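Residue-level structure breakdown
Spelled out from the first residue to the last, the chains are:
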Amino acid sequence: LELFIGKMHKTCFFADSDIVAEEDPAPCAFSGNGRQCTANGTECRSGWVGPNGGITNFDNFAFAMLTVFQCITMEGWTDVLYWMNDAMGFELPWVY
Amino acid sequence: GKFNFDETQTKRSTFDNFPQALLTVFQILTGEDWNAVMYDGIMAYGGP
Amino acid sequence: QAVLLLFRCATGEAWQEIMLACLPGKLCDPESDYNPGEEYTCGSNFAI
Amino acid sequence: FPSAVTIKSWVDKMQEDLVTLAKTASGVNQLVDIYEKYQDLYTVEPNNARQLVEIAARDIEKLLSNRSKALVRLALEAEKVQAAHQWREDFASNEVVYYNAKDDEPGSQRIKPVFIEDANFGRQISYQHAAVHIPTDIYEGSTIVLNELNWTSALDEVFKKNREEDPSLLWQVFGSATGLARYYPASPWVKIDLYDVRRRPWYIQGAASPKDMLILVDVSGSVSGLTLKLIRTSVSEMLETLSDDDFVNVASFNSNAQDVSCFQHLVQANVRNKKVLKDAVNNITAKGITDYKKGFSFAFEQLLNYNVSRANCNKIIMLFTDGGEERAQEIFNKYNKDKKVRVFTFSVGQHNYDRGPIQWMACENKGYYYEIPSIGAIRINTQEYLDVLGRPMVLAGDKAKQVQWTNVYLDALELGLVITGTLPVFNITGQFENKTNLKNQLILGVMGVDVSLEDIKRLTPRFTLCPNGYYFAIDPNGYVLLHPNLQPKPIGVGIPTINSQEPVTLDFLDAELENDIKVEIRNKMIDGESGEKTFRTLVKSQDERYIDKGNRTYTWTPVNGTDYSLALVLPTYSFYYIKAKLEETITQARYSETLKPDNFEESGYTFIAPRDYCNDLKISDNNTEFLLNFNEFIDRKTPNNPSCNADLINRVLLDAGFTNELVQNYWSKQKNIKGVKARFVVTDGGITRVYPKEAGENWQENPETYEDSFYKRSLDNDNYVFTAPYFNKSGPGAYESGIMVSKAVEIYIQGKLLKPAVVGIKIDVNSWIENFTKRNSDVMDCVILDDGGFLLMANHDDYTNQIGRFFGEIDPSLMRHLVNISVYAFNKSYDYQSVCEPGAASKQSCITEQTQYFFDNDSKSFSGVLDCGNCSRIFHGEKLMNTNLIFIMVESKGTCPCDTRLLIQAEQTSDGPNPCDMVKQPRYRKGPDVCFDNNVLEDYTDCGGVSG
Ligand SMILES: *[C@@H]1O[C@H](CO)[C@@H](O[C@@H]2O[C@H](CO)[C@@H](O[C@@H]3O[C@H](CO)[C@@H](O[C@@H]4O[C@H](CO)[C@@H](O)[C@H](O)[C@H]4NC(C)=O)[C@H](O)[C@H]3NC(C)=O)[C@H](O)[C@H]2NC(C)=O)[C@H](O)[C@H]1NC(C)=O
Ligand SMILES: *[C@@H]1O[C@H](CO)[C@@H](O[C@@H]2O[C@H](CO)[C@@H](O[C@@H]3O[C@H](CO)[C@@H](O)[C@H](O)[C@H]3NC(C)=O)[C@H](O)[C@H]2NC(C)=O)[C@H](O)[C@H]1NC(C)=O
Ligand SMILES: *[C@@H]1O[C@H](CO)[C@@H](O[C@@H]2O[C@H](CO)[C@@H](O)[C@H](O)[C@H]2NC(C)=O)[C@H](O)[C@H]1NC(C)=O
Ligand SMILES: *[C@@H]1O[C@H](CO)[C@@H](O[C@@H]2O[C@H](CO)[C@@H](O)[C@H](O)[C@H]2NC(C)=O)[C@H](O)[C@H]1NC(C)=O
Ligand SMILES: *[C@@H]1O[C@H](CO)[C@@H](O[C@@H]2O[C@H](CO)[C@@H](O)[C@H](O)[C@H]2NC(C)=O)[C@H](O)[C@H]1NC(C)=O
Ligand SMILES: *[C@@H]1O[C@H](CO)[C@@H](O)[C@H](O)[C@H]1NC(C)=O
Ligand SMILES: [Ca+2]
Ligand SMILES: [Ca+2]
């Protein structure tokens, strides 16, 4: 909840529209550190709902607790690790 | 009969009939893709 | 990255998918010094 | 406020200041003298409406008989060739050679043609062979296609033979039941390609008869999810296989059967009605339990109505469900015991329910069963129901080989507006001994030959008629096959709200202004009976801004070969026309020398109508090189005219001298006039001349005389016509153009009225203003309006800056009151062929509502008080004599600070009329009298399940 809250909310839509570019959307960098969506014409901005439809996120205590429990069972934890690699940088999320 | 919400694809791990419910429960018991079934169960009652 | 991938396979996440993705008929990044003409060469049958 | 006598005397001083200037500067009386002082250079010939109608209707019938003979010659050969096929199942060695369209092989060899560019064909074509089109989703080289790809190669010889007899022949296409279309002459195919020959309107009408379809949609609980999105898409694609001769309705059942729309019964299933059904189908939801007994009873009751117009033909119930355990045997037993209604059942979606009852329903009622598990199967499975419907047609024999013509539609190969002949092709293999009879109940394909509307407009020459006279042809459904108002654009429905496959079906009552007398003429023309009637009509102008009333005479006869009816619109003063008779050389050399561009200094800047005076001389649609092309053609060509005609060349040359005598002998004498800025003459020959060559660059009118709005408007009126300029800086029209004035010349050769031309001047707005003041008063307003409520001058400068604008957009309060006191009448119309900017949910087609205003009462003096609340404005209105103008004097709008909503007279994007109450009282129509259904020899022993 402290390290990363509300960071999986920036995917790359089309230029001046509300349609996501890629079929399996992934977050951009929060502030110019992680993934940069570089296509012909694209830009990413806040407004996305979330990776798994909003279920998988650390922007609430219940959501964070459910995601932590999911990651402990060793089922779909690399997905969250990769989503943090995309949203945040690349050296902090691997420790968590 | 509550996984018919996507309107673009058909779900295979459902609770439609008794054999499919048994297979889904067994799959969750083995732990493989239990979170995928949980996400569908949550989205069937609204969402996040 | 290799150690992290090995840890991912040790926890058993999608190791068979990675094994399939490491098969012979795979393209190579345009940075390795590979003979011109044949790009889809890297990848080996030793992955299994 | 001045009294009534003072205002009227004030008008008569200015009213005569305009008529006199327009009568002398333009020289309307002198052109009468010129047209009357010879009476030897031409002759007045009768213009009989009854003869022209019967002559043009016989040429159209002959043209459609040439194509009918071409279809019979093709259909017979295709049946003969296919009957001699062996169905070889290997083509590795005996490879088939053909030209595949849309290209830059197991058993196929491609062909590289030459593709020489040709006229009367907007593409590059080759007569050496015939092209073959294979849709994307159909694999070429398969056993079925390759076998089909031999016996169609013998059609190329007949394709060549038909063209040799009639060089003026358009596409001849064979639409195979397998999917491939072979057309001649070969031409490369025109994003991705989704064209399928089996879904085209011309193929569908020939593969079966009109049908009374009724779509039953399962909206129960179990269909919720993906399998409902497949049902809604399947119904939408199914409605696209219906034409104007088909009657359809959509109903849904979930423990209770009800209609999904507002129709409540079968409707004509035209573009307007199909859009409503499609919109309602895309808004259904899944909930409840399934009840087949109640669903089918509701469907069987709607097919027994007979209260309204139907097709009285194939009656089919098309069920869209997933699967169930109810068979509803009692319902089928009670309603259709004698199998008068077919039932086609569809099992849609990825499910595991019982398909047993669904399959049993299909062929217990002479139907067929289909699987639609995904989107990719929607396109193909929703068009295969025509194979079952075609069984009674093939068993009829040679009595079903009748040529039919489709509605007007845009060609797939970018050729324009065309119609297609239709003739089916049968499987007659083994019929010489009559032993197979198993697959011989399916059509091989459909024969097609295209006829462009330009070919039909050529058989109805309109240049011996006045510009107000025209021909028009009608469909038994009421749509116009021929009309001046018909345009090569798809007809739109509703407002396009976004975040050309349909036919151009424009009804006769929608092509022009609808009247209570046109309806009885339309009905008399639909059922094919000759007649005539003279009556008074109010006519919309070429530009949708003015409505003028004048006498018209409609003469119609039915085309005997086809079901079309041809009518000739011909007003009064058009029963005679000028025919030039002159063959001497030196009397034509002087006339031709007037059209020299270098002689424009004294003869005025001269235009020419881009008419086909002579084949060779092509048209350029710019009137810059065409005049140079035309005048360098007449001198460099023998006068005997071996090819084209001299009637269209003598008339234009004769009027060249007539206008020369006016510009030289009268217009040159008065070189400059204080109030005259330009002087123009427009003649029936097709030349327009403006004396000031510096003012010839301000001419914006169409070079063709017959397309000039002011020319047609001037003929109807017996007085001078004032045309307001356009607004919003649409080119130079504010001050450097002037206000156009026109007046038609009237001559009496032997007591027969003729109107060969019009003349007029362009009154300068600057000089007229001073005459108006003899200024910017804050108490009273002095404005002048024309017939249509368009401002021509005012008395406040700022109003003058916005010139040629509807008076309702600059003073709504007074304009709205003028309509109520019966000074300005108005009728609204609908423009189905129009394009507009899309609205919130480039440009797309839409329906735009058009309104025009005209003088209602014949009274000339108007007085009254405009009460806008807690104030009072009094006005006096006087109409100028021998002119379509009105002068009204009113106080300033600042005296009473009230401003209602501005009254708009412009292209307003609408969606009317509402079709929910149109189907209650539909227009009269007549359908085909041939029906092919319920044949006792039909097999129908394959339900949907013996193959799966
Ligand atoms: C016009 O009608 C005539 C007959 O009225 C029709 O000619 C008939 O064509 C069919 C092919 O559709 C021939 O059928 C033969 O027998 C079977 C039926 O398919 C084929 O054997 C295999 O059948 C399976 C289906 O179960 C199929 O998937 C497979 O591809 C077939 N071939 C294999 C396994 O090699 C035969 O191959 C097929 N052809 C033969 C034996 O030559 C009929 O024999 C034809 N009848 C006659 C009298 O010629 C003709 O196609 C119709 N016109 C058109 C345009 O279709
Ligand atoms: C389907 O395709 C087949 C392969 O192209 C065609 O079969 C061949 O057509 C050729 C052209 O007529 C024949 O060539 C000559 O045929 C005449 C008539 O019988 C004879 O003089 C000889 O057979 C032959 N002449 C030679 C070889 O000098 C082939 O005989 C014929 N058969 C083969 C190649 O096996 C079919 O005609 C075609 N079907 C249709 C309806 O066009
Ligand atoms: C269409 O055919 C009918 C008859 O088949 C033609 O009717 C003719 O009408 C005239 C009167 O105007 C009679 O003198 C003729 O005797 C009629 N014909 C026959 C065969 O009796 C009709 O004129 C034809 N219409 C066209 C446009 O050709
Ligand atoms: C029109 O449809 C109605 C109902 O579908 C038919 O039934 C009659 O309707 C009229 C007016 O409503 C009345 O006579 C009776 O209510 C109905 N029954 C009978 C026996 O007449 C009707 O026959 C159809 N045709 C017409 C011309 O109304
Ligand atoms: C077009 O002209 C006027 C426009 O207002 C209308 O014709 C009048 O309609 C009123 C409405 O009841 C009648 O009382 C008048 O008698 C009509 N005037 C006539 C017939 O001269 C109408 O909108 C249109 N006229 C048509 C369709 O005939
Ligand atoms: C085709 O039509 C023309 C006129 O429409 C006619 O003269 C001719 O006889 C018809 N037939 C042929 C084969 O040209
Ligand atoms: Ca796992
Ligand atoms: Ca059901």
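Residues numbered from 1 in each chain as written, not as in the entry; some residues may be left out. Chains lettered and ligands numbered in written order. Part of a larger assembly, values for the part shown. Heavy atoms only, no water.

1. Some words on the overall build of chain A
Along its length, chain A carries 2 helices and 2 strands. The secondary structure elements of chain A, listed N-terminal to C-terminal, are β-β-α-α. Here the C-alpha radius of gyration of chain A, 13 Å, is about what a compact globule of 96 residues would show, namely 12 Å. By its C-alpha atoms, chain A is 40 × 25 × 20 Å across when sized along the principal axes. Taken across its 96 residues, chain A has 40% of its residues classed as buried. Considering only intrachain contacts with a sequence separation of at least 6, the fraction spanning at least 24 residues in chain A is 59%. Each charge class in chain A was averaged separately, 4 positive and 12 negative side chains, and the resulting centres sit 8 Å apart. (Helix = DSSP H or I, 4+ residues; strand = E, 2+ residues; numbered from the N terminus. Rg over C-alpha atoms; globule rule 2.2 N^0.38 Å. Buried < 20%, exposed > 50% of the residue type's maximum accessible area, 1.4 Å probe, protein only. Contact = heavy atoms within 4.5 Å. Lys, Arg positive; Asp, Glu negative; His and termini not counted. Charge placed at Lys NZ, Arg CZ, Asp CG, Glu CD.)

2. A look at the coordination of the calcium ion (ligand 8)
Residue and element names in this part refer to chain D. Donor atoms from the polypeptide that coordinate the calcium ion (ligand 8) comprise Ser220 (OG), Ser222 (OG) and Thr290 (OG1), at 2.4 to 2.9 Å from the metal. Positions of the donor residues of the calcium ion (ligand 8), expressed as sequence spacing, correspond to S-x1-S-x67-T. Of this pair, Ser220 sits in the loop between β10 (211-218) and α7 (226-239) while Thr290 sits in the loop between α8 (271-281) and α9 (292-302); the two residues are 70 residues apart in sequence, bridging distant segments of the chain. (Donors = N, O, S within 2.8 Å, 3.2 Å for Na, K, Ca; no water.)

3. A few points about the site of ligand 2
Residues and elements named next belong to chain D. Around ligand 2 sit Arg88, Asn94 and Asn150, and that is every residue in its neighbourhood. In this structure, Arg88 approaches ligand 2 through a side-chain N or O atom, which is 3.2 Å from an oxygen atom. At a separation of 2.5 Å, an oxygen atom of ligand 2 approaches a polar side-chain atom of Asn150. Relative to its free-state accessible area of 790 Å², ligand 2 is covered by the protein chains to the extent of 25%. (Near = heavy atom within 4 Å. Polar contact = N/O pair within 3.5 Å; in protein donor to acceptor, adjacent residues only side chain to side chain. Areas by Shrake-Rupley, 256 points an atom, 1.4 Å probe, with all protein chains shown as cover.)

4. Considering the sheet that holds strand β22 (residues 531-540) of chain D
Residues and elements named next belong to chain D. In spatial order, the strands read β21-β20-β24-β23-β22; together these 5 strands make up an open sheet with antiparallel pairing. At either margin of the open sheet sits one strand with a lone partner, and together these are β21 (480-482) and β22. Across the sheet, the axes of successive neighbouring strands diverge by a mean angle of 35°, strand direction being ignored. With 5 bridges connecting them, strand β20 (residues 470-474) and strand β24 (residues 565-571) associate as antiparallel partners. Following the sheet pairing, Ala473 is matched in β24 by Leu566. Helix α17 (residues 516-526) contacts β20, β22, β23 (547-558) and β24 of the sheet and is inclined by roughly 135° relative to β22. (Pairing = 2+ DSSP bridges. Axes fitted to C-alpha atoms, helices over the stretch in contact; angles between N-to-C directions.)

5. Section: the nonpolar core
All names here are of chain D. Among the nonpolar cores identified, the biggest contains 78 residues, and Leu791, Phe807 and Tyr824 are the most heavily contacted of them. For this core, the element with the most residues is helix α1 (residues 4-25), which contributes 7 residues. Dropping the residues within four chain positions of it, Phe807 is found in contact with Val783, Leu785, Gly789, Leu791, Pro812, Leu814, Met815 and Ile888. One finds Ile491, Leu506, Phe508 and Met525 within the second-largest nonpolar core, a separate group that totals 47 residues. (Core = buried A, V, L, I, M, F, W, Y, C linked by side-chain atoms within 4.5 Å.)

6. Observations regarding the state of the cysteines
All names here are of chain A. Throughout the structure, instances matching the rule amount to 9 disulfides over all chains. For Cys12, the disulfide goes to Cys37, at an S-S distance of 2.0 Å. Residues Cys12 and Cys37 share a disulfide whose torsion about the S-S bond is about 50°; that sign makes it right-handed. With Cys12 in strand β1 (residues 12-14) and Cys37 in the loop between β1 and β2 (42-44), this pair connects stretches of sequence that are 25 residues apart. (Disulfide = S-S within 2.5 Å.)

7. Some points on the site of ligand 1
Residue and element names in this part refer to chain D. The environment of ligand 1 is made up of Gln82, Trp87, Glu89, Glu148, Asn427, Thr429, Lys439, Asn440 and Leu444. Between a nitrogen atom of ligand 1 and a side-chain N or O atom of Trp87, the distance comes to 3.4 Å. Measuring from an oxygen atom of ligand 1, one finds a side-chain N or O atom of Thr429 at 3.3 Å. A total of 980 Å² of accessible area belongs to ligand 1 in isolation, and the protein chains cover 41% of it. Residues of the shell around ligand 1, tallied by class, amount to 2 nonpolar, 4 polar and 3 charged. (Nonpolar A, V, L, I, M, F, W, Y, C, P; charged D, E, K, R; others polar.)

8. With respect to the coordination of the calcium ion (ligand 7)
In this structure, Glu75(A) (OE) and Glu32(B) (OE) serve as the protein donors to the calcium ion (ligand 7), at separations of 2.4 to 2.7 Å. Here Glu32(B) lies in the loop between α1 (18-30) and α2 (34-43) and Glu75(A) lies in the loop between α1 (61-72) and α2 (77-87), a pairing that spans two chains. Under the relative-accessibility criterion, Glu75(A) is labelled buried at 12%.

9. Looking at the packing of aromatic side chains
Evaluated as defined, the whole model comprises 46 aromatic pairs over all chains. Taking 5.7 Å as the distance between ring centres and 75° as the angle between the ring planes, the aromatic pair formed by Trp77(A) and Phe7(C) counts as edge-to-face. Placement of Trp77(A) in helix α2 and of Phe7(C) in helix α1 (residues 2-10) is noted, with the two residues assigned to different chains. Owing to a relative accessible area of 13%, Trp77(A) belongs among the buried residues under this scheme. Ring pairs connect the aromatic residues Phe121(D), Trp171(D), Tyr183(D), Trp189(D) and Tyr195(D), which therefore count as one cluster. Above the plane of the ring of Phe855(D) lies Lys879(D), whose end atom (NZ or CZ) is 4.4 Å from the centre. (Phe/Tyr/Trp six-rings, centres within 6.5 Å; stacked < 30°, edge-to-face > 60°. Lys NZ or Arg CZ within 6 Å of the ring centre and 35° of its normal.)

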